[PDB]
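Below: the structure, in structure tokens.
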Amino acid sequence: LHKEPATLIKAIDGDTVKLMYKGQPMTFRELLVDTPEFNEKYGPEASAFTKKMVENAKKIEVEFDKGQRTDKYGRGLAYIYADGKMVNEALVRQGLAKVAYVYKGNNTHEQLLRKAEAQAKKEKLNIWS
Ligand SMILES: Cc1cn([C@H]2C[C@H](OP(=O)(O)O)[C@@H](COP(=O)(O)O)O2)c(=O)[nH]c1=O
Ligand SMILES: [Ca+2]
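If you use the authors' numbering, the sequence shown corresponds to residues 7 to 43, 50 to 141, in order.
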């Protein structure tokens, strides 16, 4: 897979962010994770975590997987990087997202993220507390 440039338009919630990609505004849904909705436990902490990570970044990148690049709602499906660090993985490692929505052929980073979730669980962080 390949990282491509994007710039932040606006933080949305833990697992969605509005980015400009190839010069066009798009909402991106992070592959392979699920954060709690803003009204559920840890939803505001997940939203705040992502917001900080993308707002503080000097460089945002998006990396598509092998399969579908847009979902049924027109959201881009990608792994999102903030100064080289994957947001999807960071949320999982902190117990602020669960590995989820693992669809065959868009699942390159599945084992990297399950490894993070196992560590978050062992430490009883957040969702796993
Ligand atoms: C993360 C991801 C979500 N989706 C769809 C599945 C769910 O459909 P439903 O809307 O019918 O529940 C929805 C979950 O996204 P959200 O967790 O943002 O609500 O987005 C995909 O189709 N592909 C994916 O890779
Ligand atoms: Ca969600």
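We treat Cβ as the ideally placed atom computed from N, Cα and C, and that holds for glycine.
Buried or exposed for residue i, please, with buried defined as at least 16 other CB atoms from any protein chain shown within 10 angstroms of its CB.
i: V99; result: buried
i: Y85; result: exposed
i: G20; result: buried
i: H121; result: buried
i: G117; result: exposed
Report the option in the options whose CA atom is closest to the CA atom of residue i.
i: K71; options: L25, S141 and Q131; result: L25
i: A109; options: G117, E67, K116 and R35; result: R35
i: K133; options: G29, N118 and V104; result: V104
i: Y27; options: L38, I18, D40 and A12; result: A12
i: residue 218; options: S141, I139, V114 and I18; result: Residue 218 is absent from the structure shown; the chain starts at 7 and stops at 141.
i: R126; options: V23, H8 and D40; result: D40
i: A102; options: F76, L38 and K9; result: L38
Report the CB separation of residue i from residue j in whole angstroms; it is logged as a contact under 8 Å.
i: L14; j: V66; result: 5 Å
Start-end ranges of the beta strand (DSSP E) lying completely within the segment 58-100, minimum 3 residues: Listed in chain order, the beta strand (DSSP E) runs fully inside the segment 58-100 are 72-75 and 88-94, counting runs of at least 3 residues.
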